[PDB]
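The chain that follows stands alone, in the form deposited in one PDB entry, written as structure tokens.
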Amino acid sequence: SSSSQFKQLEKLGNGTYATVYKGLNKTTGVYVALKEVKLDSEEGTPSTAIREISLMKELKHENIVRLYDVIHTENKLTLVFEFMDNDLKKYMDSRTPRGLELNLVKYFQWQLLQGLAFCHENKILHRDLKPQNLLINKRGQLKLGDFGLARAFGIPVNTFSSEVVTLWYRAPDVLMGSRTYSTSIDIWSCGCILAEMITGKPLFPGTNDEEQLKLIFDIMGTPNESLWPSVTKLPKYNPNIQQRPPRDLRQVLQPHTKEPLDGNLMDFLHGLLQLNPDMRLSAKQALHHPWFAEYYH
């Protein structure tokens, strides 16, 4: 620690709980990211920072942002992270176009899944995967960050929150009330993010829980009990509503990118965006999808 240890610089961004500034280590000359958490003596220490701190001294991987230190000054907690140049949103915005070339996409998705596979290997769910939370640097490395909504699974936990994951990136089964998601939740997010990278546009820009489901089914068809029998269990599930078949994904996407969406890509995208939680690829098996063939032995 030691506040004087870092010189604060320009604001790099903000989210719900924190404000991030570029920072410079006065000694080593190396740049950092200064995640500042407000500590109002009346509200308390945010559970996010606590989860972020605990989940980072243990999750070390080249595709997960590194936490270097945690400083406690006047009514403020600064989590000092390794410095990344962009997040995925800004990076894409800075190209605004605005979708990415398919080798960049494959290369960023690959790295997403690598970092993700590691989290899951460690029984950790991220629960907040979205471009703003995916940091990119000059070497082109991509790193998962923002582990504030993260949670260890496999353990007995009492309280519930189906209110995790920013809406645009939240899974149907969650929207419908599933309180027993595992890693499938993060995978859905990766599916959304993949689409967004290809087209430059969010896939399901919902403004509320119901509009989000509608947007999902418009494209993925409505829930099909033959393909997802356990769906009937979910509290906000409605059988009566009108059927609606999946659209051809290659067709909803291809318009928004000049790059040709091949079979592997689209298949790989269907595997990530499976309506049935249990049918979605795992990180590990996504990594081995033929679409990533050129990346292997």
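One rule holds for the numbers: they count along the sequence shown, beginning at 1. Throughout, rigid core stands for the largest set of C-alpha atoms superposing within 1.5 Å between the two forms. Only residues modelled in both forms are compared.
Across the other compared structures of the same protein with both neighbouring residues present, residue 52 carries coordinates in every case, with no third of them leaving it out.
Compared with other deposited structures of the same protein, residue 209 does not meet the criterion of being unmodelled in at least one third, since all of those that resolve residues on both sides include it. According to the entry, the deposited sequence has no residues without coordinates between residue 226 and residue 227, so the chain runs continuously there. Higher average CA B factor: 43 to 51, of the stretches 266 to 274 and 43 to 51.
Mean C-alpha B-factor is higher over 158 to 166 than over the other stretch, the pair under comparison being 158 to 166 and 100 to 108. For the set 143, 89, 126, 95, the PDB entry puts the maximum C-alpha B factor at 95. Per-chain ranking of the deposited C-alpha B factor places residue 243 in the middle third. In the PDB entry, a CA B factor belonging to the middle third of its chain's modelled residues is recorded for residue 37. Ranked against the other modelled residues of its chain, the C-alpha B-factor of residue 205 as given in the entry falls in the middle third. Residue 76: CA B factor in the highest third of modelled residues in this chain (values from the PDB entry).
Ranked against the other modelled residues of its chain, the C-alpha B-factor of residue 16 as given in the entry falls in the highest third.
The following text describes the form deposited in another entry, which does not appear among the structures shown.
Put simply, after the core is superposed between the shown form and the other one, 77 is the one residue in 102, 219, 77, 117 with a Cα shift of at least 2 angstroms.
Here residue 39 counts as shifted, since its C-alpha moves by at least 2 Å between the shown form and the other one after the core is aligned. Relative to the superposed rigid core, the position of the CA of residue 166 differs between the shown form and the other one by 2 Å or more. Fitting the two forms on the rigid core leaves the C-alpha of residue 154 displaced by at least 2 angstroms between the shown form and the other one. In that other deposited form, the Cα-Cα separation between residue 154 and residue 54 shrinks by 3 Å or more relative to the displayed conformation. Relative to this form, the distance between the C-alpha atoms of residue 54 and residue 162 is reduced by at least 3 angstroms in that other deposited form. Taking only residues common to both forms and fitting on the rigid core, the CA shifts of 2 Å or more between the shown form and the other one cluster into runs of 3 or more residues at 18 to 22, 24 to 27, 36 to 46, 71 to 77, 154 to 156, 158 to 166.
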